[PDB]
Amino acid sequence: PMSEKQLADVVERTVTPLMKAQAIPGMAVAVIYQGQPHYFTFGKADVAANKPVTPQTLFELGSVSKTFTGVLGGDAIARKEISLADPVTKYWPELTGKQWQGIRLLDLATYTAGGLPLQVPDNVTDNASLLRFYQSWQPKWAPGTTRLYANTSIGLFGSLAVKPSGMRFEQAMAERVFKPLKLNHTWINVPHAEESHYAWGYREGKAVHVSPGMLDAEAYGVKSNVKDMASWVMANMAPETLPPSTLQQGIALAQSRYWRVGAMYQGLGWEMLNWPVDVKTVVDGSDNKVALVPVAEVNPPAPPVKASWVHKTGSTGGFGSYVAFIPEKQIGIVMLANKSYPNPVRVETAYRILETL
């Protein structure tokens, strides 16, 4: 086994030239190894203010937020508040168009509604406009047959999934996922009292934070530090060490396999590949194409497979994040950066570090 000093050398020797070549100002890395988190921090959280990254620095998780959304949805299933087989119209009856009749919560959660678009338009800022947006949508393919990664898909899933709870999405997430897991520095809205910890992201050398948008919390809006994200990876890698609960059940539902595209299996938020897998296969299996692709159905959904590479990429304008873990080996990694850099490079970096363990 690797000593703490040897592991720090592996991470530093990889991350240092990466940050220089990509012009990433700051990064926080957690390696999960032998049951323990190991934290490594580099560079600047705020370039203009010369503030260093620390384990308390908050980063925008971007689409890694969808792993929280998927687990919250799984928790709602386990509470028997929703079913993935329910029609979307059970939770939004105003969607009366014929194109919505056959669409299920499963389709929203896993991007199979038939071509819901990537983003909510920026000029959609209220519920009447969001209703008109979904009313006007014309599918390209029958539901349950294609995948098109889309914030408007799982974003709507998250908003509908919490309706039986009576809570807004942010409240439900805090009460049912963040608090039980003691993720006390993980935020959909960063409190005023925590702003000193909030890194700036950098796009073309310019400091930027994510802008509000409808369905942002569900799809790309969580902020967290490297310690909370290590805990999140530990909880999803080893949920059997948690007490029995609907949240533990929801973790299992979110790592269940619902569809297959090539070597990648779609969970709720999480994505999975069978382990062992080569790095090139993981890279080729983590491209969210602009175009639709066909899916293979996993019916019934397959329960979580310990021999899996489980991961999620995510970015905002100014941040790039990545989480991956292998339950069979009990290793995992969190990579938080305040510049967006290519997803294949995140995969390659993570894979090389985990390979040393």
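Throughout, we count residues from 1 along the sequence that is shown.
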| field | Higher-scoring stretch by recorded Cα B factor average, 90 to 98 or 178 to 186 | value | 90 to 98
| query | Which wins on mean Cα temperature factor, 335 to 343 or 8 to 16? | reply | 8 to 16
| query | Of the options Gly221, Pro191, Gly73, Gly267, which has the highest CA B factor as deposited? | reply | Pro191
| note | Highest CA B factor of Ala235, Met214, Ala161, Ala128, as deposited, is found at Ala128
| request: Using the B-factors in the PDB entry, rank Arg257's C-alpha atom against the chain and give the third, lowest, middle or highest. | output: middle
| said: Considering every modelled residue of the chain and its Cα B-factor in the PDB entry, is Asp287 in the lowest, middle or highest third? | reply: highest
| B-factor third for the C-alpha atom of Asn299 within its chain | highest
| task | Taking the values exactly as deposited, rank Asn50 by C-alpha B-factor within its chain and report the matching third: lowest, middle or highest. | result | highest
| task | Sorting the chain's modelled residues by C-alpha B-factor, tell me whether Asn123 ends up in the lowest, middle or highest third. | result | highest
